[PDB]
Structures are given as structure tokens and as C-alpha cells.
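Reading through the C-alpha cells given below for one structure.
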Amino acid sequence: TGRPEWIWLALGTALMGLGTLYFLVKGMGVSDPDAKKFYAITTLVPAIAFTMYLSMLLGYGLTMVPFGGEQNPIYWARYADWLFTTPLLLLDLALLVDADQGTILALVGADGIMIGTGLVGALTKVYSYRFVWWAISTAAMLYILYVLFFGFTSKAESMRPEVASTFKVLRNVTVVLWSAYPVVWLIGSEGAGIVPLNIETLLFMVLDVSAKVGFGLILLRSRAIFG
Ligand SMILES: *C/C=C(C)/C=C/C=C(C)/C=C/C1=C(C)CCCC1(C)C
Numbered sequence: 005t006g007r008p009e010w011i012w013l014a015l016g017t018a019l020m021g022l023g024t025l026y027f028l029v030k031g032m033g034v035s036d037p038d039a040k041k042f043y044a045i046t047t048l049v050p051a052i053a054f055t056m057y058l059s060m061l062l063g064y065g066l067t068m069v070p071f072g073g074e075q076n077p078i079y080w081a082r083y084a085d086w087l088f089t090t091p092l093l094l095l096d097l098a099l100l101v102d103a104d105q106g107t108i109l110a111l112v113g114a115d116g117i118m119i120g121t122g123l124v125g126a127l128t129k130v131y132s133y134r135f136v137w138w139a140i141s142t143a144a145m146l147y148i149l150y151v152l153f154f155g156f157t158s159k160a161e162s163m164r165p166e167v168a169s170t171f172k173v174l175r176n177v178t179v180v181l182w183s184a185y186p187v188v189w190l191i192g193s194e195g196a197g198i199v200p201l202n203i204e205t206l207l208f209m210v211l212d213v214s215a216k217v218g219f220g221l222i223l224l225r226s227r228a229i230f231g
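Pasting the structure below:
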């Protein structure tokens, strides 16, 4: 069907795949138990993204939703990806600063809410109500970011310098990249329809690769994953 955005879905497919393979090869060679746990989690992240990117490329995960007097193209496949990838990334961060079980539960719960309401909003047929779900989803995102910035950064002060320094960089990459998603959603096809789907796809691809492969390289190349 040659939709304008396929080139970005194809490029995201390739980068997510390359990233996954490389992390897989690199993780299989490691013998430290703790480093292996980080490797399995981190490898799974782009592996999942890969499948969803490839599916969308082949014409799946796309549904037309009515609102604003138009049949708007909505890629729901993105939420099936993010439902599992975002909490795994949070787990990597939590294991890094040795966060408590209660903290992890709250972050994942908040993450599930962010993705769930995000998807409900992306499927809502009442234009103005789309933004109510988006508002609720962004709020949950802000809760998560608050915890990583105020809770975790504090927690990282119990760890060695290199562990705290690695966490700060990953914390900063996450805060910057994650905060951008709601904005893209708002001005894109899911929201105000200002930015075209092809460009929107290009934007999500850059953020996704960065948030997963970029994040992954930073973490797995560090000495912080060793027990
Ligand atoms: C690999 C994917 C990552 C790191 C995805 C992060 C996605 C977000 C932080 C998404 C946030 C959203 C909102 C705040 C509100 C509207 C809908 C979402 C799900 C796009």
C-alpha cells in the first residue's frame, strides 16, 4: 500500500534488529549472574520493538479512528510495544540503584496506566475526550519521572561512583526522551493533526531507537551491571 511513513518503519525495524542481535551476542558471552540479568532485560526491549516495527511495516497495528470529521490513521501497535518495553526500561533503572520492591510496583503500575490511558485516548471518538485521556496519561508519566529524578537519584547515592554516574546518564536520557512523546502525540495524528504521520513516525522512530538501543549501549557498556 506504500504509505508515506513506511521508510521510517523500515529503518526502525533495521535498527531495533541490529541492536537486539548485538546485545544478544554481547550478553551470551558474559558469565556474571548480575550482568546477565541486565543483558536479558535490555536485549528483550529492542527485540519487542523490532517485532512491532516489522508488523506495522507489513500493514498491521493500524486502525482508522473517527473524529474531527476525518478517518484518522492510528498505529495502535506502538502501545503493544510500549506496554512491555517501558516498564522493562524502568526495571533496568530500578535494579541499578537497588530500589525497593514497593517502588518498582508503583512505577510499573503507573507505567501501565500511562500506556493504557494513552491507548484509550488514541482510540476515543469524541475529539475533546482524546485530550482528557492524554492529560491523565501525561500525569502518570510525570509521576514516573518525578520518582526517577527525586527517588532514584537519591537511591544511587548508596552505590559506588561509577554506578551512580551511569545511572545519572541513563536517568537524563530517559527524562529527555520520554517527556517528548506526549508532545509528539499532542501535535501529531493522535492529537491536533498538525504534524504529518510520515514525520510523526520519523519522530517516534528516533526517540524509540534512542530510548532503547542508545539507552542499551550506555548501560551494557558500563561496569555498573556487574555484581
Ligand atoms: C521504547 C519506548 C519508550 C521509551 C516509550 C516511551 C513512551 C512514553 C513516555 C509515552 C507517553 C505518552 C503520554 C505521556 C501521553 C499520551 C500517550 C503516550 C502513551 C504516547
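Quick note on the deposited numbering: the sequence shown kicks off at 5 and runs consecutively.
Ideal Cβ positions, reconstructed from N, Cα and C, are used throughout, including at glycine.
Compare the C-alpha of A168 against each of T178, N176, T157, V177 and name the closest. Position 164 of the sequence shown, counted from the start, is the residue given in the question as residue 168. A168 has its Cα closest to that of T157, out of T178, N176, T157, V177.
Are the Cβ atoms of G63 and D212 separated by less than 9 Å? Within the sequence shown, numbered from 1, the residue matching residue 63 stands at position 59. Within the sequence shown, numbered from 1, the residue matching residue 212 stands at position 208. The answer is no: Cβ separation not under 9 Å.
Do you know offhand how far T170's Cα is from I191's? On the sequence shown, residue 170 is found 166 positions in, with the first residue counted as 1. On the sequence shown, residue 191 is found 187 positions in, with the first residue counted as 1. Straight-line spacing of the CA atoms in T170 and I191 works out to 33 Å.
Range of the contiguous alpha helix (DSSP H) that encloses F88: In the sequence shown, residue 88 corresponds to position 84, counting from 1. If you look at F88, you'll find it in the alpha helix (DSSP H) that goes 81-100.
Kindly give me the distance between the Cβ atoms of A39 and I229, rounded to whole angstroms, as I take these residues to be in contact under 8 Å. Translated into positions along the sequence shown, residue 39 becomes position 35. Translated into positions along the sequence shown, residue 229 becomes position 225. So it is a contact: roughly 4 Å between Cβ atoms.
Can you tell me where the alpha helix (DSSP H) holding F27 begins and where it ends? Looking up residue 27 in the sequence shown gives position 23. Counting along the chain, the alpha helix (DSSP H) containing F27 begins and ends at 10-33.
Check whether the Cβ of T170 lies closer than 8 Å to any heavy atom of ligand 1, and answer yes or no. For the purposes of this step, residue 170 is taken as the residue at position 166 of the sequence shown. Answer for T170: no, Cβ out of range of ligand 1.
So the beta strand (DSSP E) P70 belongs to, where does it begin and stop? Taking the first residue of the sequence shown as position 1, residue 70 is located at position 66. Here the beta strand (DSSP E) through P70 covers 66-71.
Hey, would you say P186 sits closer than 9 Å to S132, going by beta carbons? Against the sequence shown, residue 186 aligns to sequence position 182. Against the sequence shown, residue 132 aligns to sequence position 128. No, these two residues do not count as a Cβ contact at 9 Å.
Beta-carbon spacing of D96, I148 below 9 Å: For the purposes of this step, residue 96 is taken as the residue at position 92 of the sequence shown. For the purposes of this step, residue 148 is taken as the residue at position 144 of the sequence shown. No, Cβ-Cβ distance for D96 and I148 is not below 9 Å.
What runs of the beta strand (DSSP E), each 3 residues or longer, lie entirely inside the stretch 132-169? List check, beta strand (DSSP E) in window: nothing returned.
Assigned exposure category for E74 - 16 Cβ within 10 Å defines buried: On the sequence shown, position 70 is the one that residue 74 refers to. It is exposed - the Cβ of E74 has fewer than 16 other Cβ atoms within 10 Å.
Beta carbon of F153, beta carbon of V179: below 9 Å? The sequence position of residue 153 within the sequence shown is 149, counting from 1. The sequence position of residue 179 within the sequence shown is 175, counting from 1. A contact, by the Cβ cut-off of 9 Å.
For the putative contact between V177 and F219, defined by C-beta atoms under 8 Å, what is the C-beta separation to the nearest angstrom? Looking up residue 177 in the sequence shown gives position 173. Looking up residue 219 in the sequence shown gives position 215. Contact holds; Cβ gap of about 6 Å.
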